[PDB]
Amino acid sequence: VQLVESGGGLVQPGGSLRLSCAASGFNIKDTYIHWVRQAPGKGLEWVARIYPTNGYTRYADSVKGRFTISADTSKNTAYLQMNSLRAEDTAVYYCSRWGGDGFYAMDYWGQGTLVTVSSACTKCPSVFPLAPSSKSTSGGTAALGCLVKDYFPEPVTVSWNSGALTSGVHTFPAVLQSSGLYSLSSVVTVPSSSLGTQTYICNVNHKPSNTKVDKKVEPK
């Protein structure tokens, strides 16, 4: 059983966007499909629901008259058509099913898709190394990282050594700078003895601008 959302991204105020929720491992005709959203740093808010077999739908008062939910049963996919988007509609949008023997709760959720309602435009991130130095050591342990700066909209993902380095990694929550652009650092603590011997590369991904950067972090 899997729910996979797509279609999220940057849209101007007053604009329109259609989210998709591709289901697999079950038939959407047998369950109800819900849309639940979450504004940055806020709680969960149910948005809409559909019974795909007969198309009966229900909406939250906050989206009524602007959002429409629908389904293509042959494609096993549900949709969220959003018209007249407002700044307050900026949120991660999740789809969910009401399924099982007698659960009648949301047992399976999708990963979510971020929708940013803003008049600002797309900026890829600038990636710089946070080089390990004598000022970045602490008794056999060094810190190094990458500064992922001046991007819009969210999100960016960071990994180290294509996913082979995960322990000691800290990718900080992005912060909005005064310029209206996001910034974050991803750091990792490693053995000091590994500095001139192990290779460290941060893999940055910014899907909103189709950017993928692999920066090698060398000591100096």
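Residues carry their position along the shown sequence, with the first being 1.
Q: Taking only the CA atoms, which stretch has the higher mean B-factor in the record, 50-58 or 149-157?
A: If you average the C-alpha B-factors of 50-58 and of 149-157, the larger mean comes out for 50-58.
Q: I need to verify one thing: averaged over C-alpha atoms only, is the B-factor higher for 191-199 or for 168-176?
A: Comparing 191-199 with 168-176, the higher mean C-alpha B-factor belongs to 191-199.
Q: Going by the deposited entry, which of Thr31, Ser183, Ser186, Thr68 has the highest CA temperature factor?
A: When the deposited C-alpha B-factors of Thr31, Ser183, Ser186, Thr68 are compared, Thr31 is largest.
Q: Ranking the modelled residues of this chain by C-alpha B-factor as given in the entry, is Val63 in the lowest, middle or highest third?
A: As the PDB entry reports it, the C-alpha B-factor of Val63 lands in the highest third of its chain.
Q: Give the position of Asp107 by CA B-factor within its chain, expressed as the lowest, middle or highest third.
A: It belongs to the highest third of the chain when residues are ordered by C-alpha B-factor.
Q: Test of reading the entry: by CA B factor among the chain's modelled residues, which third contains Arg86?
A: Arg86: CA B-factor falls in the middle third of its chain.
Q: Should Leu80 be placed in the lowest, middle or highest third of its chain by the C-alpha B factor in the entry?
A: Its C-alpha B-factor belongs to the lowest third of this chain's values.
Q: Tell me, lowest, middle or highest third: where does the Cα B factor of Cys124 rank within its chain?
A: For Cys124, the deposited C-alpha B-factor lands in the lowest third.
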